Amino acid sequence: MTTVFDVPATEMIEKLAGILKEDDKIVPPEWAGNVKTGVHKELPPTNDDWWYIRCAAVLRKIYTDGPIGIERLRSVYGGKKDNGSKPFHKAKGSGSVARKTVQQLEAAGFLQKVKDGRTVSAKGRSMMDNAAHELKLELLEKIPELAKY
Amino acid sequence: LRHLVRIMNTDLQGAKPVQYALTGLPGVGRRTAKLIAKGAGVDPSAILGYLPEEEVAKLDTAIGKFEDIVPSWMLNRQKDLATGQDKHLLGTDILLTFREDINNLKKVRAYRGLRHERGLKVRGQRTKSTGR
Amino acid sequence: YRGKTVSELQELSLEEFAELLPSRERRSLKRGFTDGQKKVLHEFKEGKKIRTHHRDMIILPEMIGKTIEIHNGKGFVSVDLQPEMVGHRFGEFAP
Amino acid sequence: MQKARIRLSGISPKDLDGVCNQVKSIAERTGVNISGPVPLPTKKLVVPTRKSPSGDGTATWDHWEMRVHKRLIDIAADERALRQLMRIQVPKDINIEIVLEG
Amino acid sequence: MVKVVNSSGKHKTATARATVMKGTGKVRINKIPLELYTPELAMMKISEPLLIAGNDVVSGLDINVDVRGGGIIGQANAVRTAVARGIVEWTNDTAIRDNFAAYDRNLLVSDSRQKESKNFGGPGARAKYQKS
Amino acid sequence: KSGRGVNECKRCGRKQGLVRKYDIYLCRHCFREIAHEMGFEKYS
Amino acid sequence: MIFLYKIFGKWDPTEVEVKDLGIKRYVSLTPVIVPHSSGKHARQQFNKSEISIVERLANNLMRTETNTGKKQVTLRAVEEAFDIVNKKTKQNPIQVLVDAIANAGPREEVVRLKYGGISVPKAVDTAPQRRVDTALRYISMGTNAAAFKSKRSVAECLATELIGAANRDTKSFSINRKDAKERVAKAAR
RNA sequence: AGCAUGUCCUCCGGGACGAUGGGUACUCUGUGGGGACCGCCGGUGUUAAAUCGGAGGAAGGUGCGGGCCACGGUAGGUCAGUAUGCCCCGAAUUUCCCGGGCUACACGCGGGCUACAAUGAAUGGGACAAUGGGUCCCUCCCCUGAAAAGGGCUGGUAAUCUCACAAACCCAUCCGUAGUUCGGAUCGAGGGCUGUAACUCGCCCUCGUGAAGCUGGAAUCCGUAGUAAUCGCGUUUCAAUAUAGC
Ligand SMILES: [Zn+2]
């Protein structure tokens, strides 16, 4: 199969980020340049493509982890919160950032609305399988003993 | 060789790049300086020592502007008394307004004025073994 | 001199002056008041000599000028009221 | 298919298993389709307290660990069968729960 | 036909539902190809008994894994013990059992148990506070 | 039942150091005394 | 079968011969695919006699307070130090390490014996397991001291320590500590 | 865990689905049971009581950790958990709220939480742990904001459901050389929910000042295997606040 799991997550997530960058429906909305990745970290992100890569990562997380609510996404997107001389709780992510990313994902049609979050839509699953076949095309010569032999 | 540069009478780290060069100046630290870098249209990671003076002039003008490239929930002087608006000082004016806001309270006999004039904690944490 | 010049501050609204004040005072006034501060407000709006007895209350816009008396463990103390102290707490001046 | 569910969770599991065998023998007498005795997790409720009443005294804590033995069994539904199950002499050490799912 | 055992000695928690079968040779180790096995840093610890079995054996073999939990290193050795047991359950020799016992058992129970139930009087199971 | 120490434990009239845990509402000494009579036991 | 095991899949410990003949029977050149055997040092004592030496050197590198529970970073530093020793000092790298251990392991130690009616420690021979332990301890100390507060990485300083104590470089901390302890043993013969 | 379905890969078993039909094939299972007694064998001790590797064996010879722990003293703590003798208070030392105080601080001392590397700041990756809570309280998803959080609405009398992400971690990697992005105590504006009330006297949140400081002498201290150490986790003091105990 051309599943995503036959390829490393880095190349596939970067491919999904590039395909979302090609799509105009995903954009960094206004407050991307003055808010951090959530509440845990110290500073806003320094990478240029943080919003598209974050949406692609949320897509891959929804695919490999099923339907995920926004607060489950916030819990996944926490961090080692610095308190100075306090015992370093891991709190949450950000509600508005995750919600805007998820709304962009569903407007792109990859995420499917469900009661316990938003499971990934079937079309997104098929297109990401095709992208896995593309990235697996980059390493199709690894194991020749896989077609019907 | 731009080994060291000066901006608005405050010779910042000319060696250090744009994103951290403005943290050394009062009024901006870490978060709001990268907002200035976003507004001025200059990549922070580029070395300031290899920056010709025209772009440095644009950076100086942009940091002089500041408030038009900063949000409204990240200002140190929100709801500043009779002014009412939100401001963000720079230089000696923050300490000047702080000391006047403390000594007028001390004249008016407010509690925070006494706690500032006596060298005590104003937030009320226990003074048992602090500042010995 | 909070939000505007000092002259019109006495005639400002309760919620507008509360928005002039920080979140703590705004929520303190937002969830109603107990009987004691209502009595203090009523007597201030009458004009008799007043011993407030509450060390946490918020100075009002038109309440300024007249002197407030506060119980300080030991019995009472008389304290002046100024434009600088409006919106503050009554116990901030008699430790 | 219709089942009548039995929920018990108590302090003494010996009489619990005895009541389970009594219901099983009642089902085999009445020919009721039965699910076997299923050992559920036991609630190990714990609450400790420092032993020392007075001020001085080193670490002394008597921990009160308590096991609440849970058991879930499923059997069929029938009026005479349910009356037979309701007339069983079950001990006080367990609580008897029923869910008539049809 | 298919081997399903998760007993591995249970390093803390293991949860390794073994699934070893025989087919064309396409081996999918827990929904992951062996060529690009996703854990990577821990697969060196996990590929020991399979390496001892031989490329021809596991190329002949076909294995899947169903999991629930466990710590990362507890997974990394309990799953290896489970794979060793699945190797010996399939029709094979006792030479592989000798080689598996030769290096460091990986068919036994982890003698060091989960934890030790730290008593009141200190932070840890055996450690205590500092006495002046 | 919402307060700092207004509620008292059973038997022992007291406003501090009461076990409100598990809906017991006993002081630690009193609950320690009567746990062996109320079905509690130090099994470990 | 034994599929010709090499350290990190690169360095086979079979084609290495020990110099210190006493330490050969204690330091183990047994082939293991990964240096995470997770030894069993509670059934008896000297359970490390059958355990690998790369694992032991990686777990004696967690001397620091933050290093506890960090066998992954210790193995990372071990691998990059092996790469550095193989590059700048081209040779069998585990052979270089075993030369370093045999050169910086304390042959003699001084122990208190109250004979002659005087409080004086006597100079005694050192056990092979004890000597190997002290060699690994001093190697860890040199690596930690160079790697602390420095522009050079942890694994780089470990490679410097291994090169110093392997090629008999007199500047290494392990060599100087071994010579110091042997000098103190000579002082109390 | 095969039996079969609900959508894609087409190179072809299926990958995903255990919701389900189904199967409890093999397992986790929690009630009853066996196991490993220095029992046999080779040393010692005496031929006794007792003592080492041999066992292909889950633990060989307290398997491994725990509670209960006597006769008595230490006139040790317990009138401040409880009852109680006597002296006393019997309109106060009884008795109910208001305000302050126990937080006040030249200050000596005890124990804890954070800190100076390539063993470190951003961005991802993988599922990860249990103990134990929650129905008068945790929170499902939806909407709103930057945050804390607000509304609505869903699951839970709890192997259902949720607090619930574990962090530490590791890597294409990004990341930089110095006592500074490694390192954060004070204080100034600002927004929060908790409470009947936040100045004394709270915690949450956001911004700007980023300081003191740079592995610490005398002295000590804990600890022998999944234990020290470490990284974070529930629970108890329930209105918040745990750098705390457990
Ligand atoms: Zn009581």
# chains A, B, ... in the order shown; residues from 1 in each chain; ligands from 1

call {"tool": "residues_near_ligand", "arguments": {"ligand": "ligand 1", "cutoff": "8 Å", "atoms": "only C-alpha atoms (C1' of nucleotides) and all ligand atoms", "output": "PDB file with N, CA and C atoms (P, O5', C5', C4', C3', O3' and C1' of nucleotides), in the first residue's frame"}}
result
ATOM      1  N   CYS F   9     -16.410  17.595  62.098  1.00  0.00           N
ATOM      2  CA  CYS F   9     -16.485  16.155  61.919  1.00  0.00           C
ATOM      3  C   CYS F   9     -17.475  15.552  62.911  1.00  0.00           C
ATOM      4  N   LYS F  10     -17.834  14.297  62.666  1.00  0.00           N
ATOM      5  CA  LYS F  10     -18.729  13.589  63.567  1.00  0.00           C
ATOM      6  C   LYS F  10     -18.045  13.337  64.907  1.00  0.00           C
ATOM      7  N   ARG F  11     -18.859  13.301  65.967  1.00  0.00           N
ATOM      8  CA  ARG F  11     -18.414  13.144  67.352  1.00  0.00           C
ATOM      9  C   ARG F  11     -17.582  14.337  67.812  1.00  0.00           C
ATOM     10  N   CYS F  12     -16.343  14.421  67.333  1.00  0.00           N
ATOM     11  CA  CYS F  12     -15.398  15.442  67.773  1.00  0.00           C
ATOM     12  C   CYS F  12     -15.818  16.802  67.229  1.00  0.00           C
ATOM     13  N   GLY F  13     -16.339  17.662  68.099  1.00  0.00           N
ATOM     14  CA  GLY F  13     -16.636  19.021  67.694  1.00  0.00           C
ATOM     15  C   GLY F  13     -15.354  19.768  67.400  1.00  0.00           C
ATOM     16  N   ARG F  14     -15.084  20.016  66.122  1.00  0.00           N
ATOM     17  CA  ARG F  14     -13.785  20.534  65.723  1.00  0.00           C
ATOM     18  C   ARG F  14     -13.912  21.198  64.362  1.00  0.00           C
ATOM     19  N   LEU F  18     -10.171  17.850  59.842  1.00  0.00           N
ATOM     20  CA  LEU F  18     -11.244  16.880  59.683  1.00  0.00           C
ATOM     21  C   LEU F  18     -11.157  16.243  58.304  1.00  0.00           C
ATOM     22  N   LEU F  26     -14.916  12.947  59.410  1.00  0.00           N
ATOM     23  CA  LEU F  26     -14.345  12.570  60.691  1.00  0.00           C
ATOM     24  C   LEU F  26     -12.982  13.225  60.839  1.00  0.00           C
ATOM     25  N   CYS F  27     -12.619  13.537  62.079  1.00  0.00           N
ATOM     26  CA  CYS F  27     -11.265  13.988  62.345  1.00  0.00           C
ATOM     27  C   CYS F  27     -10.299  12.823  62.159  1.00  0.00           C
ATOM     28  N   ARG F  28      -9.019  13.158  61.975  1.00  0.00           N
ATOM     29  CA  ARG F  28      -8.025  12.134  61.661  1.00  0.00           C
ATOM     30  C   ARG F  28      -7.815  11.175  62.829  1.00  0.00           C
ATOM     31  N   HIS F  29      -7.808  11.691  64.058  1.00  0.00           N
ATOM     32  CA  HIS F  29      -7.722  10.822  65.227  1.00  0.00           C
ATOM     33  C   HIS F  29      -8.981   9.974  65.377  1.00  0.00           C
ATOM     34  N   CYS F  30     -10.152  10.601  65.241  1.00  0.00           N
ATOM     35  CA  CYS F  30     -11.422   9.896  65.401  1.00  0.00           C
ATOM     36  C   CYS F  30     -11.617   8.849  64.307  1.00  0.00           C
ATOM     37  N   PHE F  31     -11.330   9.222  63.057  1.00  0.00           N
ATOM     38  CA  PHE F  31     -11.436   8.271  61.958  1.00  0.00           C
ATOM     39  C   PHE F  31     -10.409   7.156  62.094  1.00  0.00           C
TER      40      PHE F  31
ATOM     41  P     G H  81      -5.223  18.184  69.766  1.00  0.00           P
ATOM     42  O5'   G H  81      -6.805  18.048  69.909  1.00  0.00           O
ATOM     43  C5'   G H  81      -7.684  18.686  68.994  1.00  0.00           C
ATOM     44  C4'   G H  81      -8.742  17.731  68.499  1.00  0.00           C
ATOM     45  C3'   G H  81      -9.604  17.083  69.575  1.00  0.00           C
ATOM     46  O3'   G H  81     -10.689  17.898  69.980  1.00  0.00           O
ATOM     47  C1'   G H  81      -8.795  15.418  68.114  1.00  0.00           C
ATOM     48  P     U H  82     -11.013  18.093  71.540  1.00  0.00           P
ATOM     49  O5'   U H  82     -11.631  16.695  71.986  1.00  0.00           O
ATOM     50  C5'   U H  82     -12.774  16.158  71.336  1.00  0.00           C
ATOM     51  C4'   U H  82     -13.022  14.731  71.754  1.00  0.00           C
ATOM     52  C3'   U H  82     -13.035  14.484  73.253  1.00  0.00           C
ATOM     53  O3'   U H  82     -14.281  14.792  73.849  1.00  0.00           O
ATOM     54  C1'   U H  82     -11.631  12.901  72.222  1.00  0.00           C
TER      55        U H  82
END

call {"tool": "select_by_dssp", "arguments": {"residues": "chain F", "states": "strand (DSSP E)", "output": "ChimeraX atom specification"}}
result
/F:18-19,26-27

call {"tool": "atom_distance", "arguments": {"atom1": "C1' of residue 36 (chain H)", "atom2": "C1' of residue 61 (chain H)"}}
result
8.8 Å

call {"tool": "closest_residue", "arguments": {"among": "C:55, C:42, C:2, C:66", "to": "chain H", "atoms": "only C-alpha atoms (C1' of nucleotides)"}}
result
C:55

call {"tool": "residues_around", "arguments": {"residues": "residue 4 (chain C)", "least_positions_apart": "2", "cutoff": "9 Å", "atoms": "only C-alpha atoms (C1' of nucleotides)", "output": "short mmCIF file (atom, residue, chain, number, x, y, z; two decimals) with N, CA and C atoms, in the first residue's frame"}}
result
data_model
loop_
_atom_site.label_atom_id
_atom_site.label_comp_id
_atom_site.auth_asym_id
_atom_site.auth_seq_id
_atom_site.Cartn_x
_atom_site.Cartn_y
_atom_site.Cartn_z
N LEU B 81 -4.08 56.34 32.82
CA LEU B 81 -4.58 57.45 33.63
C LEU B 81 -5.36 58.48 32.81
N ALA B 82 -5.00 59.76 32.97
CA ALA B 82 -5.71 60.83 32.29
C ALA B 82 -5.51 60.78 30.78
N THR B 83 -4.40 60.20 30.32
CA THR B 83 -4.22 59.97 28.89
C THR B 83 -5.28 59.02 28.36
N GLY B 84 -5.53 57.93 29.08
CA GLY B 84 -6.57 56.97 28.74
C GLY B 84 -6.19 55.91 27.73
N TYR C 1 -7.57 62.15 37.44
CA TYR C 1 -6.96 62.09 36.12
C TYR C 1 -6.87 60.64 35.62
N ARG C 2 -8.01 59.96 35.56
CA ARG C 2 -8.09 58.56 35.15
C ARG C 2 -9.07 58.45 33.99
N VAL C 6 -9.59 65.66 35.45
CA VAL C 6 -10.12 65.39 36.78
C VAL C 6 -11.51 65.99 36.99
N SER C 7 -11.92 66.96 36.17
CA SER C 7 -13.16 67.67 36.43
C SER C 7 -14.38 66.79 36.17
N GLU C 8 -14.41 66.10 35.03
CA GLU C 8 -15.58 65.33 34.64
C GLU C 8 -15.63 63.95 35.27
N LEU C 9 -14.62 63.58 36.06
CA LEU C 9 -14.57 62.23 36.61
C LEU C 9 -15.68 61.99 37.63
#

call {"tool": "residues_around", "arguments": {"residues": "region 52-62 of chain D", "least_positions_apart": "4", "cutoff": "10 Å", "atoms": "only C-alpha atoms (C1' of nucleotides)", "output": "number ranges by chain"}}
result
D: 47-48; E: 119-122; F: 28-29, 32, 41-44; H: 67, 76-78, 80-81, 246

call {"tool": "closest_residue", "arguments": {"among": "D:34, D:40, D:46, D:26", "to": "residue 70 (chain D)", "atoms": "only C-alpha atoms"}}
result
D:40

call {"tool": "residues_around", "arguments": {"residues": "residue 92 (chain C)", "least_positions_apart": "3", "cutoff": "9 Å", "atoms": "only C-alpha atoms (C1' of nucleotides)", "output": "PyMOL selection string"}}
result
(chain B and resi 109-112) or (chain C and resi 55-56+88-89+95) or (chain H and resi 199-200)

call {"tool": "write_last_selection", "arguments": {"atoms": "C-alpha atoms (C1' of nucleotides)", "output": "PDB file, in the first residue's frame"}}
result
ATOM      1  CA  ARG B 109       0.063  58.365  51.846  1.00  0.00           C
ATOM      2  CA  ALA B 110      -0.955  55.379  49.717  1.00  0.00           C
ATOM      3  CA  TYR B 111       0.217  51.947  50.862  1.00  0.00           C
ATOM      4  CA  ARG B 112       2.288  51.190  47.751  1.00  0.00           C
TER       5      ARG B 112
ATOM      6  CA  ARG C  55     -11.016  48.586  54.352  1.00  0.00           C
ATOM      7  CA  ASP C  56     -11.575  47.128  50.867  1.00  0.00           C
ATOM      8  CA  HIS C  88      -8.574  52.765  45.392  1.00  0.00           C
ATOM      9  CA  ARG C  89      -9.180  50.653  48.504  1.00  0.00           C
ATOM     10  CA  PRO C  95      -2.358  50.019  58.102  1.00  0.00           C
TER      11      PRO C  95
ATOM     12  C1'   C H 199      -5.437  47.035  50.900  1.00  0.00           C
ATOM     13  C1'   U H 200      -3.330  44.487  54.595  1.00  0.00           C
TER      14        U H 200
END
